[PDB]
Amino acid sequence: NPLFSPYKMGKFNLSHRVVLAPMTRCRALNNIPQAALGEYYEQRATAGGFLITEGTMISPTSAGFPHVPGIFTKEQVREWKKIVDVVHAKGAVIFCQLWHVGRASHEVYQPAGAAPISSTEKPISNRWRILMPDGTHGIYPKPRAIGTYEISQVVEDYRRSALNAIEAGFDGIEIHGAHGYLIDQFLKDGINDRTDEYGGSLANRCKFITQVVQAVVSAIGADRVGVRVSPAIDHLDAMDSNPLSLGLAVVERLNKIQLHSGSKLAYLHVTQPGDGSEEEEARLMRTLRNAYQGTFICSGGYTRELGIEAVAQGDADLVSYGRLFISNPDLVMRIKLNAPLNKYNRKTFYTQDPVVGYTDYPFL
Ligand SMILES: Cc1cc2nc3c(=O)[nH]c(=O)nc-3n(C[C@H](O)[C@H](O)[C@H](O)COP(=O)(O)O)c2cc1C
């Protein structure tokens, strides 16, 4: 089973290639990491296994879900440190995913009910509704298009959160640049209608993600930085006219950051629509992997067998699993044994209970 061959993710010597994908679960009440998170990550941790946390706030304005954790306050750092210690006691490696939702927010989630920020003033279309704190669904509002000074300020929010993650004991951070959130709102030409140096050309649209990645690499080292993108997921109105070329332009900028840094990133993490135009989705995935000088994590609808095939054929170095990890805390061992997997319950993906639908999925 090639899923269980060791892999050197830079300084981190992984014992197997099954990765916990980042997933928002909304148990970090008042944006403070809770003991329930520590139990949840500890359940999933394995010796030498790699975990990526749920998206984590970089600023008071960066949220668009209820009760998601932040890492911009010292109080949050203190509570994260307790979770990281528990996970490190099982021998796992853990990165914190830094997340800004951009225009995918709502007054209820913003300080003083202020407008969310974006590359653009265009709201997400009415085809999408935002989950509200009371469980109803609301309308995505018109965002405020930020200028270049405020862009540099958001970059600094990423830099400070990366340092905070290191202070909490995280092994590294992942830049959330996927799923139509703030970074994807600069990347995709279906969203980014700017006429300054952050819009128009491929190069201009890749400026934001490049500046974020360079900032965090300069703060904590490239080998502690992973980057997640989703060129071909159109979630929250996030489409590009040429996904493969956008993906290849991002990869070129990561390759250059590595050459100029003298060092490799932890990984590039590409995620695709779950229900898959199969062989063509595979085209995109292999083309980005082949373009990128470094470790590649594939994600989106992978099964035990497709994960094995992915590593065996050289298509990916690591495979991340999301939904199956929700309901199988011991997914790694289940994959090793080819043991049958537990169903998950969508109804408790984003509820607040510290146990139900969170830590009470049974082991094998
Ligand atoms: C409930 C839920 C929450 C998620 N939260 C995040 C997130 O915070 N950041 C992120 O990059 N992806 C997030 N995702 C997407 C997953 O990381 C993963 O890419 C997706 O579920 C597809 O992989 P899978 O088919 O193995 O589930 C989430 C997905 C689900 C279902």
# chains A, B, ... in the order shown; residues from 1 in each chain; ligands from 1
>>> residues_near_ligand(ligand="ligand 1", cutoff="9 Å", atoms="only C-alpha atoms and all ligand atoms", output="PDB file with N, CA, C and O atoms, in the first residue's frame")
ATOM      1  N   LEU A  20      -5.522  14.795   6.916  1.00  0.00           N
ATOM      2  CA  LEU A  20      -6.817  15.367   7.303  1.00  0.00           C
ATOM      3  C   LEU A  20      -6.976  16.700   6.565  1.00  0.00           C
ATOM      4  O   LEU A  20      -6.211  17.656   6.805  1.00  0.00           O
ATOM      5  N   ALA A  21      -7.963  16.782   5.661  1.00  0.00           N
ATOM      6  CA  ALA A  21      -8.241  18.039   4.980  1.00  0.00           C
ATOM      7  C   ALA A  21      -8.815  19.077   5.960  1.00  0.00           C
ATOM      8  O   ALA A  21      -9.478  18.715   6.953  1.00  0.00           O
ATOM      9  N   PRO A  22      -8.553  20.361   5.711  1.00  0.00           N
ATOM     10  CA  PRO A  22      -9.098  21.427   6.567  1.00  0.00           C
ATOM     11  C   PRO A  22     -10.615  21.448   6.464  1.00  0.00           C
ATOM     12  O   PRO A  22     -11.174  21.528   5.372  1.00  0.00           O
ATOM     13  N   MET A  23     -11.290  21.422   7.608  1.00  0.00           N
ATOM     14  CA  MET A  23     -12.752  21.535   7.585  1.00  0.00           C
ATOM     15  C   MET A  23     -13.282  22.379   8.738  1.00  0.00           C
ATOM     16  O   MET A  23     -13.071  22.051   9.888  1.00  0.00           O
ATOM     17  N   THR A  24     -14.013  23.421   8.370  1.00  0.00           N
ATOM     18  CA  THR A  24     -14.801  24.252   9.278  1.00  0.00           C
ATOM     19  C   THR A  24     -15.901  23.404   9.941  1.00  0.00           C
ATOM     20  O   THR A  24     -16.700  22.765   9.247  1.00  0.00           O
ATOM     21  N   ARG A  25     -15.937  23.398  11.276  1.00  0.00           N
ATOM     22  CA  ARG A  25     -16.957  22.646  12.014  1.00  0.00           C
ATOM     23  C   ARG A  25     -17.716  23.500  13.020  1.00  0.00           C
ATOM     24  O   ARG A  25     -18.744  23.044  13.514  1.00  0.00           O
ATOM     25  N   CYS A  26     -17.257  24.723  13.309  1.00  0.00           N
ATOM     26  CA  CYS A  26     -18.047  25.732  14.029  1.00  0.00           C
ATOM     27  C   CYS A  26     -18.268  25.352  15.484  1.00  0.00           C
ATOM     28  O   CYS A  26     -19.332  25.659  16.046  1.00  0.00           O
ATOM     29  N   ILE A  52      -4.462  19.085   8.913  1.00  0.00           N
ATOM     30  CA  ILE A  52      -4.626  20.532   8.602  1.00  0.00           C
ATOM     31  C   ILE A  52      -5.888  20.992   9.329  1.00  0.00           C
ATOM     32  O   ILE A  52      -6.906  20.313   9.239  1.00  0.00           O
ATOM     33  N   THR A  53      -5.795  22.109  10.032  1.00  0.00           N
ATOM     34  CA  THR A  53      -6.953  22.528  10.837  1.00  0.00           C
ATOM     35  C   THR A  53      -8.042  23.176   9.997  1.00  0.00           C
ATOM     36  O   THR A  53      -7.781  23.578   8.885  1.00  0.00           O
ATOM     37  N   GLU A  54      -9.203  23.298  10.600  1.00  0.00           N
ATOM     38  CA  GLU A  54     -10.267  24.101   9.983  1.00  0.00           C
ATOM     39  C   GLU A  54      -9.730  25.500   9.697  1.00  0.00           C
ATOM     40  O   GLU A  54      -8.761  25.924  10.336  1.00  0.00           O
ATOM     41  N   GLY A  55     -10.355  26.172   8.748  1.00  0.00           N
ATOM     42  CA  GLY A  55      -9.990  27.562   8.487  1.00  0.00           C
ATOM     43  C   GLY A  55     -10.009  28.377   9.768  1.00  0.00           C
ATOM     44  O   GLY A  55     -10.954  28.232  10.546  1.00  0.00           O
ATOM     45  N   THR A  56      -9.006  29.231   9.923  1.00  0.00           N
ATOM     46  CA  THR A  56      -8.831  30.003  11.164  1.00  0.00           C
ATOM     47  C   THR A  56      -8.736  31.490  10.795  1.00  0.00           C
ATOM     48  O   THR A  56      -7.987  31.835   9.898  1.00  0.00           O
ATOM     49  N   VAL A  68     -16.132  29.995  14.323  1.00  0.00           N
ATOM     50  CA  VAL A  68     -14.877  29.494  13.758  1.00  0.00           C
ATOM     51  C   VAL A  68     -13.713  30.073  14.566  1.00  0.00           C
ATOM     52  O   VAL A  68     -13.784  31.221  15.033  1.00  0.00           O
ATOM     53  N   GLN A  97      -4.703  26.352   9.113  1.00  0.00           N
ATOM     54  CA  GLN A  97      -5.136  26.984   7.872  1.00  0.00           C
ATOM     55  C   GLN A  97      -5.587  28.427   8.120  1.00  0.00           C
ATOM     56  O   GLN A  97      -6.547  28.658   8.869  1.00  0.00           O
ATOM     57  N   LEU A  98      -4.925  29.402   7.485  1.00  0.00           N
ATOM     58  CA  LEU A  98      -5.274  30.818   7.665  1.00  0.00           C
ATOM     59  C   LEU A  98      -6.325  31.220   6.635  1.00  0.00           C
ATOM     60  O   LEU A  98      -6.103  31.069   5.427  1.00  0.00           O
ATOM     61  N   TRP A  99      -7.451  31.755   7.096  1.00  0.00           N
ATOM     62  CA  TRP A  99      -8.660  31.887   6.288  1.00  0.00           C
ATOM     63  C   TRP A  99      -9.234  33.296   6.373  1.00  0.00           C
ATOM     64  O   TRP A  99      -9.589  33.756   7.465  1.00  0.00           O
ATOM     65  N   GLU A 174      -1.261  26.766   6.490  1.00  0.00           N
ATOM     66  CA  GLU A 174      -1.695  26.663   5.109  1.00  0.00           C
ATOM     67  C   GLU A 174      -2.412  27.953   4.722  1.00  0.00           C
ATOM     68  O   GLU A 174      -3.314  28.397   5.426  1.00  0.00           O
ATOM     69  N   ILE A 175      -2.082  28.500   3.564  1.00  0.00           N
ATOM     70  CA  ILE A 175      -2.825  29.642   3.045  1.00  0.00           C
ATOM     71  C   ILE A 175      -4.088  29.144   2.346  1.00  0.00           C
ATOM     72  O   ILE A 175      -3.994  28.437   1.338  1.00  0.00           O
ATOM     73  N   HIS A 176      -5.266  29.545   2.841  1.00  0.00           N
ATOM     74  CA  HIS A 176      -6.527  29.162   2.206  1.00  0.00           C
ATOM     75  C   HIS A 176      -6.737  30.044   0.992  1.00  0.00           C
ATOM     76  O   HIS A 176      -7.219  31.170   1.113  1.00  0.00           O
ATOM     77  N   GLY A 177      -6.436  29.534  -0.192  1.00  0.00           N
ATOM     78  CA  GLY A 177      -6.646  30.367  -1.360  1.00  0.00           C
ATOM     79  C   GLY A 177      -7.682  29.782  -2.304  1.00  0.00           C
ATOM     80  O   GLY A 177      -7.635  30.017  -3.525  1.00  0.00           O
ATOM     81  N   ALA A 178      -8.654  29.065  -1.728  1.00  0.00           N
ATOM     82  CA  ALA A 178      -9.589  28.243  -2.495  1.00  0.00           C
ATOM     83  C   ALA A 178     -11.032  28.737  -2.288  1.00  0.00           C
ATOM     84  O   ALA A 178     -11.278  29.640  -1.499  1.00  0.00           O
ATOM     85  N   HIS A 179     -11.974  28.103  -3.013  1.00  0.00           N
ATOM     86  CA  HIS A 179     -13.409  28.062  -2.699  1.00  0.00           C
ATOM     87  C   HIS A 179     -14.091  29.418  -2.754  1.00  0.00           C
ATOM     88  O   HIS A 179     -15.103  29.622  -2.079  1.00  0.00           O
ATOM     89  N   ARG A 228      -3.187  26.332  -0.514  1.00  0.00           N
ATOM     90  CA  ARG A 228      -4.311  25.590  -1.087  1.00  0.00           C
ATOM     91  C   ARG A 228      -5.056  26.429  -2.109  1.00  0.00           C
ATOM     92  O   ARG A 228      -5.478  27.551  -1.812  1.00  0.00           O
ATOM     93  N   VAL A 229      -5.270  25.860  -3.302  1.00  0.00           N
ATOM     94  CA  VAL A 229      -6.070  26.519  -4.325  1.00  0.00           C
ATOM     95  C   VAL A 229      -7.059  25.521  -4.937  1.00  0.00           C
ATOM     96  O   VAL A 229      -6.909  24.304  -4.818  1.00  0.00           O
ATOM     97  N   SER A 230      -8.050  26.067  -5.658  1.00  0.00           N
ATOM     98  CA  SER A 230      -9.099  25.271  -6.306  1.00  0.00           C
ATOM     99  C   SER A 230      -9.479  25.939  -7.628  1.00  0.00           C
ATOM    100  O   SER A 230     -10.566  26.518  -7.770  1.00  0.00           O
ATOM    101  N   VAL A 270      -4.061  21.080  -4.004  1.00  0.00           N
ATOM    102  CA  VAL A 270      -5.048  21.432  -5.016  1.00  0.00           C
ATOM    103  C   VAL A 270      -6.306  20.625  -4.738  1.00  0.00           C
ATOM    104  O   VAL A 270      -6.252  19.399  -4.626  1.00  0.00           O
ATOM    105  N   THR A 271      -7.451  21.290  -4.682  1.00  0.00           N
ATOM    106  CA  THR A 271      -8.687  20.578  -4.412  1.00  0.00           C
ATOM    107  C   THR A 271      -9.672  20.803  -5.562  1.00  0.00           C
ATOM    108  O   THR A 271      -9.664  21.867  -6.203  1.00  0.00           O
ATOM    109  N   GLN A 272     -10.426  19.749  -5.895  1.00  0.00           N
ATOM    110  CA  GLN A 272     -11.285  19.667  -7.066  1.00  0.00           C
ATOM    111  C   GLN A 272     -12.704  19.342  -6.631  1.00  0.00           C
ATOM    112  O   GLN A 272     -12.914  18.822  -5.533  1.00  0.00           O
ATOM    113  N   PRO A 273     -13.700  19.572  -7.488  1.00  0.00           N
ATOM    114  CA  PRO A 273     -15.063  19.154  -7.139  1.00  0.00           C
ATOM    115  C   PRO A 273     -15.103  17.671  -6.781  1.00  0.00           C
ATOM    116  O   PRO A 273     -14.472  16.834  -7.437  1.00  0.00           O
ATOM    117  N   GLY A 274     -15.814  17.367  -5.703  1.00  0.00           N
ATOM    118  CA  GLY A 274     -15.989  16.024  -5.177  1.00  0.00           C
ATOM    119  C   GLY A 274     -16.624  15.067  -6.176  1.00  0.00           C
ATOM    120  O   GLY A 274     -15.990  14.077  -6.543  1.00  0.00           O
ATOM    121  N   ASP A 275     -17.862  15.335  -6.609  1.00  0.00           N
ATOM    122  CA  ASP A 275     -18.555  14.486  -7.588  1.00  0.00           C
ATOM    123  C   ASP A 275     -18.031  14.824  -8.976  1.00  0.00           C
ATOM    124  O   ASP A 275     -18.417  15.838  -9.563  1.00  0.00           O
ATOM    125  N   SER A 299      -6.871  16.472  -3.569  1.00  0.00           N
ATOM    126  CA  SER A 299      -8.014  16.545  -2.669  1.00  0.00           C
ATOM    127  C   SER A 299      -9.310  16.642  -3.474  1.00  0.00           C
ATOM    128  O   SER A 299      -9.345  17.286  -4.518  1.00  0.00           O
ATOM    129  N   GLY A 300     -10.383  16.049  -2.951  1.00  0.00           N
ATOM    130  CA  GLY A 300     -11.701  16.220  -3.543  1.00  0.00           C
ATOM    131  C   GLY A 300     -12.237  14.919  -4.129  1.00  0.00           C
ATOM    132  O   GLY A 300     -11.841  14.505  -5.219  1.00  0.00           O
ATOM    133  N   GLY A 301     -13.122  14.271  -3.384  1.00  0.00           N
ATOM    134  CA  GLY A 301     -13.719  13.005  -3.821  1.00  0.00           C
ATOM    135  C   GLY A 301     -12.790  11.801  -3.854  1.00  0.00           C
ATOM    136  O   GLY A 301     -13.129  10.786  -4.479  1.00  0.00           O
ATOM    137  N   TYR A 302     -11.626  11.856  -3.211  1.00  0.00           N
ATOM    138  CA  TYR A 302     -10.764  10.680  -3.191  1.00  0.00           C
ATOM    139  C   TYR A 302     -11.312   9.581  -2.282  1.00  0.00           C
ATOM    140  O   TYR A 302     -11.905   9.830  -1.211  1.00  0.00           O
ATOM    141  N   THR A 303     -11.159   8.353  -2.749  1.00  0.00           N
ATOM    142  CA  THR A 303     -11.517   7.149  -2.029  1.00  0.00           C
ATOM    143  C   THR A 303     -10.234   6.463  -1.623  1.00  0.00           C
ATOM    144  O   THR A 303      -9.134   6.884  -2.009  1.00  0.00           O
ATOM    145  N   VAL A 319      -2.501  12.599  -0.059  1.00  0.00           N
ATOM    146  CA  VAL A 319      -3.915  12.682  -0.416  1.00  0.00           C
ATOM    147  C   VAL A 319      -4.707  13.143   0.808  1.00  0.00           C
ATOM    148  O   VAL A 319      -4.596  12.541   1.872  1.00  0.00           O
ATOM    149  N   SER A 320      -5.491  14.209   0.676  1.00  0.00           N
ATOM    150  CA  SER A 320      -6.275  14.652   1.836  1.00  0.00           C
ATOM    151  C   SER A 320      -7.725  14.204   1.692  1.00  0.00           C
ATOM    152  O   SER A 320      -8.268  14.136   0.580  1.00  0.00           O
ATOM    153  N   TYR A 321      -8.306  13.829   2.824  1.00  0.00           N
ATOM    154  CA  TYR A 321      -9.686  13.370   2.939  1.00  0.00           C
ATOM    155  C   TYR A 321     -10.432  14.300   3.878  1.00  0.00           C
ATOM    156  O   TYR A 321      -9.920  14.649   4.937  1.00  0.00           O
ATOM    157  N   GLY A 322     -11.627  14.726   3.465  1.00  0.00           N
ATOM    158  CA  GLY A 322     -12.437  15.618   4.269  1.00  0.00           C
ATOM    159  C   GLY A 322     -13.596  14.865   4.888  1.00  0.00           C
ATOM    160  O   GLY A 322     -13.528  14.431   6.045  1.00  0.00           O
ATOM    161  N   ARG A 323     -14.650  14.665   4.105  1.00  0.00           N
ATOM    162  CA  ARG A 323     -15.895  14.170   4.682  1.00  0.00           C
ATOM    163  C   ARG A 323     -15.730  12.810   5.344  1.00  0.00           C
ATOM    164  O   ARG A 323     -16.285  12.573   6.417  1.00  0.00           O
ATOM    165  N   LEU A 324     -14.951  11.911   4.748  1.00  0.00           N
ATOM    166  CA  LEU A 324     -14.764  10.600   5.371  1.00  0.00           C
ATOM    167  C   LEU A 324     -14.071  10.707   6.720  1.00  0.00           C
ATOM    168  O   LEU A 324     -14.322   9.883   7.599  1.00  0.00           O
ATOM    169  N   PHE A 325     -13.202  11.713   6.892  1.00  0.00           N
ATOM    170  CA  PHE A 325     -12.530  11.934   8.180  1.00  0.00           C
ATOM    171  C   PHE A 325     -13.481  12.475   9.228  1.00  0.00           C
ATOM    172  O   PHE A 325     -13.233  12.318  10.443  1.00  0.00           O
ATOM    173  N   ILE A 326     -14.547  13.163   8.802  1.00  0.00           N
ATOM    174  CA  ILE A 326     -15.554  13.597   9.764  1.00  0.00           C
ATOM    175  C   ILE A 326     -16.112  12.398  10.532  1.00  0.00           C
ATOM    176  O   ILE A 326     -16.232  12.423  11.761  1.00  0.00           O
ATOM    177  N   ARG A 346     -24.541  15.204   7.412  1.00  0.00           N
ATOM    178  CA  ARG A 346     -24.399  16.597   7.007  1.00  0.00           C
ATOM    179  C   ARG A 346     -25.064  17.551   7.991  1.00  0.00           C
ATOM    180  O   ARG A 346     -24.578  18.678   8.191  1.00  0.00           O
ATOM    181  N   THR A 348     -25.048  17.801  11.105  1.00  0.00           N
ATOM    182  CA  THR A 348     -24.184  18.291  12.181  1.00  0.00           C
ATOM    183  C   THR A 348     -22.776  18.710  11.690  1.00  0.00           C
ATOM    184  O   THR A 348     -21.831  18.780  12.484  1.00  0.00           O
ATOM    185  N   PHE A 349     -22.609  18.999  10.405  1.00  0.00           N
ATOM    186  CA  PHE A 349     -21.321  19.555   9.952  1.00  0.00           C
ATOM    187  C   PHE A 349     -20.985  20.873  10.676  1.00  0.00           C
ATOM    188  O   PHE A 349     -19.833  21.104  11.060  1.00  0.00           O
ATOM    189  N   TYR A 350     -21.958  21.782  10.834  1.00  0.00           N
ATOM    190  CA  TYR A 350     -21.636  23.138  11.288  1.00  0.00           C
ATOM    191  C   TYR A 350     -22.440  23.543  12.529  1.00  0.00           C
ATOM    192  O   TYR A 350     -22.592  24.738  12.804  1.00  0.00           O
TER     193      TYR A 350
END
>>> select_by_dssp(residues="stretch 95-237 of chain A", states="strand (DSSP E)", output="PyMOL selection string")
chain A and resi 95-99+117-118+130-131+137-138+144-145+172-177+225-229
>>> residues_around(residues="stretch 333-343 of chain A", least_positions_apart="6", cutoff="12 Å", atoms="only C-alpha atoms", output="ChimeraX atom specification")
/A:1-5,16-19,43-47,49,302-308,319,321,323-327,357,360-364
>>> write_last_selection(atoms="N, CA and C atoms", output="short mmCIF file (atom, residue, chain, number, x, y, z; two decimals), in the first residue's frame")
data_model
loop_
_atom_site.label_atom_id
_atom_site.label_comp_id
_atom_site.auth_asym_id
_atom_site.auth_seq_id
_atom_site.Cartn_x
_atom_site.Cartn_y
_atom_site.Cartn_z
N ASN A 1 0.84 -1.20 0.00
CA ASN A 1 0.00 0.00 0.00
C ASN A 1 0.87 1.25 0.00
N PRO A 2 0.97 1.91 -1.16
CA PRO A 2 1.80 3.12 -1.24
C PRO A 2 1.28 4.25 -0.37
N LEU A 3 0.01 4.22 0.06
CA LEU A 3 -0.44 5.24 1.02
C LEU A 3 0.33 5.16 2.32
N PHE A 4 0.92 4.01 2.61
CA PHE A 4 1.65 3.82 3.85
C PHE A 4 3.16 3.76 3.66
N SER A 5 3.67 4.39 2.54
CA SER A 5 5.10 4.62 2.49
C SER A 5 5.46 6.00 3.04
N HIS A 16 2.93 8.16 6.67
CA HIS A 16 1.92 7.71 5.72
C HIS A 16 1.39 8.96 5.04
N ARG A 17 0.61 8.76 3.98
CA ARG A 17 0.27 9.87 3.10
C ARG A 17 -1.20 10.28 3.21
N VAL A 18 -1.93 9.80 4.22
CA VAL A 18 -3.34 10.15 4.40
C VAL A 18 -3.39 11.44 5.21
N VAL A 19 -4.00 12.49 4.64
CA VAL A 19 -3.98 13.81 5.28
C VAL A 19 -5.39 14.21 5.73
N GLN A 43 -8.50 12.67 18.30
CA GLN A 43 -9.09 11.43 17.81
C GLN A 43 -8.50 11.05 16.45
N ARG A 44 -8.26 12.06 15.64
CA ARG A 44 -7.88 11.84 14.26
C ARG A 44 -6.38 11.74 14.08
N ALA A 45 -5.62 12.18 15.08
CA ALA A 45 -4.16 12.19 15.02
C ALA A 45 -3.57 10.79 15.01
N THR A 46 -2.49 10.63 14.26
CA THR A 46 -1.75 9.38 14.23
C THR A 46 -0.27 9.73 14.26
N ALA A 47 0.54 8.75 14.65
CA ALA A 47 1.97 8.96 14.72
C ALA A 47 2.52 9.13 13.30
N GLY A 49 1.34 11.20 11.12
CA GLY A 49 0.30 11.64 10.22
C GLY A 49 0.13 13.15 10.25
N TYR A 302 -11.63 11.86 -3.21
CA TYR A 302 -10.76 10.68 -3.19
C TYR A 302 -11.31 9.58 -2.28
N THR A 303 -11.16 8.35 -2.75
CA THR A 303 -11.52 7.15 -2.03
C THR A 303 -10.23 6.46 -1.62
N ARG A 304 -10.37 5.37 -0.88
CA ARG A 304 -9.20 4.56 -0.58
C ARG A 304 -8.49 4.17 -1.87
N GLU A 305 -9.22 3.59 -2.82
CA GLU A 305 -8.58 3.09 -4.04
C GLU A 305 -8.00 4.21 -4.89
N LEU A 306 -8.72 5.32 -5.05
CA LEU A 306 -8.20 6.43 -5.86
C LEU A 306 -7.00 7.11 -5.20
N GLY A 307 -6.95 7.12 -3.87
CA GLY A 307 -5.77 7.61 -3.19
C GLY A 307 -4.55 6.73 -3.42
N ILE A 308 -4.74 5.41 -3.35
CA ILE A 308 -3.64 4.48 -3.63
C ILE A 308 -3.14 4.69 -5.04
N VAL A 319 -2.50 12.60 -0.06
CA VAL A 319 -3.91 12.68 -0.42
C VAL A 319 -4.71 13.14 0.81
N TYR A 321 -8.31 13.83 2.82
CA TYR A 321 -9.69 13.37 2.94
C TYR A 321 -10.43 14.30 3.88
N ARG A 323 -14.65 14.67 4.10
CA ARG A 323 -15.90 14.17 4.68
C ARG A 323 -15.73 12.81 5.34
N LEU A 324 -14.95 11.91 4.75
CA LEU A 324 -14.76 10.60 5.37
C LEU A 324 -14.07 10.71 6.72
N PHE A 325 -13.20 11.71 6.89
CA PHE A 325 -12.53 11.93 8.18
C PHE A 325 -13.48 12.47 9.23
N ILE A 326 -14.55 13.16 8.80
CA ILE A 326 -15.55 13.60 9.76
C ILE A 326 -16.11 12.40 10.53
N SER A 327 -16.51 11.35 9.82
CA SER A 327 -17.25 10.25 10.43
C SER A 327 -16.36 9.06 10.77
N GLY A 357 -22.19 14.67 16.68
CA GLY A 357 -21.78 14.83 15.31
C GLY A 357 -20.39 15.41 15.18
N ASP A 360 -18.43 12.05 18.64
CA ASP A 360 -19.08 10.79 18.97
C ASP A 360 -19.24 9.85 17.79
N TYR A 361 -18.57 10.10 16.67
CA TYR A 361 -18.46 9.06 15.65
C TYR A 361 -17.54 7.96 16.18
N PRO A 362 -17.95 6.70 16.12
CA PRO A 362 -17.19 5.64 16.78
C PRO A 362 -15.96 5.19 16.01
N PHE A 363 -14.98 4.74 16.79
CA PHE A 363 -13.85 4.03 16.24
C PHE A 363 -14.28 2.63 15.79
N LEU A 364 -13.40 1.98 15.03
CA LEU A 364 -13.68 0.70 14.41
C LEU A 364 -13.83 -0.39 15.47
#
>>> residues_around(residues="residue A:160", least_positions_apart="6", cutoff="12 Å", atoms="only C-alpha atoms", output="PyMOL selection string")
chain A and resi 57-59+70-74+77+98+153-154+166-167+173+212+215-220
>>> residues_around(residues="residue A:67", least_positions_apart="6", cutoff="7 Å", atoms="only C-alpha atoms", output="number ranges by chain")
A: 26-31
>>> write_last_selection(atoms="N, CA, C and O atoms", output="compact mmCIF listing (two decimals), in the first residue's frame")
# COMPACT_ATOMS: atom_id res chain seq x y z
N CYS A 26 -17.26 24.72 13.31
CA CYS A 26 -18.05 25.73 14.03
C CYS A 26 -18.27 25.35 15.48
O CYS A 26 -19.33 25.66 16.05
N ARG A 27 -17.29 24.69 16.10
CA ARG A 27 -17.37 24.45 17.54
C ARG A 27 -16.52 25.40 18.37
O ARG A 27 -16.51 25.28 19.59
N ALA A 28 -15.80 26.33 17.74
CA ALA A 28 -14.90 27.21 18.50
C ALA A 28 -15.71 28.43 18.92
O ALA A 28 -15.63 29.50 18.33
N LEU A 29 -16.55 28.23 19.95
CA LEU A 29 -17.48 29.28 20.38
C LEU A 29 -16.78 30.61 20.63
O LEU A 29 -15.72 30.68 21.27
N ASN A 30 -17.42 31.69 20.14
CA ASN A 30 -16.88 33.06 20.24
C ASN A 30 -15.49 33.21 19.63
O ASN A 30 -14.69 34.02 20.09
N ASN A 31 -15.19 32.39 18.61
CA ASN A 31 -13.92 32.36 17.88
C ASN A 31 -12.75 31.93 18.75
O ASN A 31 -11.60 32.09 18.35
>>> closest_atom_pairs(of="stretch 226-324 of chain A", to="stretch 181-194 of chain A", cutoff="8 Å", atoms="only C-alpha atoms", output="tab-separated table")
residue	atom	partner	partner_atom	distance
A:229	CA	A:184	CA	7.9
A:237	CA	A:190	CA	7.4
A:238	CA	A:190	CA	6.2
A:239	CA	A:190	CA	5.1
A:240	CA	A:188	CA	4.9
A:241	CA	A:189	CA	6.8
A:246	CA	A:187	CA	7.6
>>> select_by_dssp(residues="stretch 45-142 of chain A", states="alpha helix (DSSP H)", output="ChimeraX atom specification")
/A:74-89
>>> decode(residues="stretch 85-102 of chain A", atoms="C-alpha atoms", output="PDB file, in the first residue's frame")
ATOM      1  CA  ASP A  85       0.160  19.912  22.539  1.00  0.00           C
ATOM      2  CA  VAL A  86      -2.412  17.128  22.587  1.00  0.00           C
ATOM      3  CA  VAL A  87      -1.934  16.435  18.864  1.00  0.00           C
ATOM      4  CA  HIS A  88       1.868  16.515  19.173  1.00  0.00           C
ATOM      5  CA  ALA A  89       1.618  14.010  22.041  1.00  0.00           C
ATOM      6  CA  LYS A  90       0.242  11.526  19.469  1.00  0.00           C
ATOM      7  CA  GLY A  91       3.145  12.177  17.105  1.00  0.00           C
ATOM      8  CA  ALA A  92       1.177  14.066  14.446  1.00  0.00           C
ATOM      9  CA  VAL A  93       2.224  17.085  12.421  1.00  0.00           C
ATOM     10  CA  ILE A  94      -0.347  19.885  12.359  1.00  0.00           C
ATOM     11  CA  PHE A  95      -0.680  23.029  10.237  1.00  0.00           C
ATOM     12  CA  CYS A  96      -3.121  25.843  10.894  1.00  0.00           C
ATOM     13  CA  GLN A  97      -5.136  26.984   7.872  1.00  0.00           C
ATOM     14  CA  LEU A  98      -5.274  30.818   7.665  1.00  0.00           C
ATOM     15  CA  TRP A  99      -8.660  31.887   6.288  1.00  0.00           C
ATOM     16  CA  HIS A 100     -10.195  35.159   5.149  1.00  0.00           C
ATOM     17  CA  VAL A 101     -13.634  34.892   3.557  1.00  0.00           C
ATOM     18  CA  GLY A 102     -13.578  38.268   1.759  1.00  0.00           C
TER      19      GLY A 102
END
